[PDB]
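Take a look at the structure below.
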Amino acid sequence: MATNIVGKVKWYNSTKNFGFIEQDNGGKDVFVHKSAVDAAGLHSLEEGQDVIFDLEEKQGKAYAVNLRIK
């Protein structure tokens, strides 16, 4: 339940296509799932990238979806 969120790729390991995202302002640990990549077909991510996403919950957990690169 959050849209057009700010954050930066906290870390991302292409080997598993998993990682996390935090905004520089103190965003929480929201994990990025490849479905979010696939939502836009984001070509590459690595640490440093500003990313704009939406956030939906997984029961009580947070996963980033709808990625857009800065």
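Note that the entry's author numbering numbers the sequence shown so that position 41 is 41, with each residue one more than the last.
Where a beta carbon is used, it is the ideal one built from N, C-alpha and C, also for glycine.
So who's on the other strand from residue i, going by DSSP bridges?
i: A2; result: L55
i: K61; result: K58
DSSP three-state call for residue i: helix, strand or coil?
i: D24; result: coil
i: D29; result: coil
i: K16; result: coil
i: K10; result: strand
i: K34; result: helix
If the criterion is Cβ atoms closer than 8 Å, does the pair residue i and residue j meet it?
i: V6; j: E46; result: no
Quick check on residue i: buried or exposed, where buried means 16 or more other Cβ atoms within 10 Å of its Cβ?
i: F20; result: buried
i: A64; result: buried
i: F53; result: buried
i: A36; result: buried
Since residue i and residue j are thought to touch, with beta carbons under 8 Å apart, how far apart are those beta carbons, to the nearest angstrom?
i: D50; j: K70; result: 4 Å
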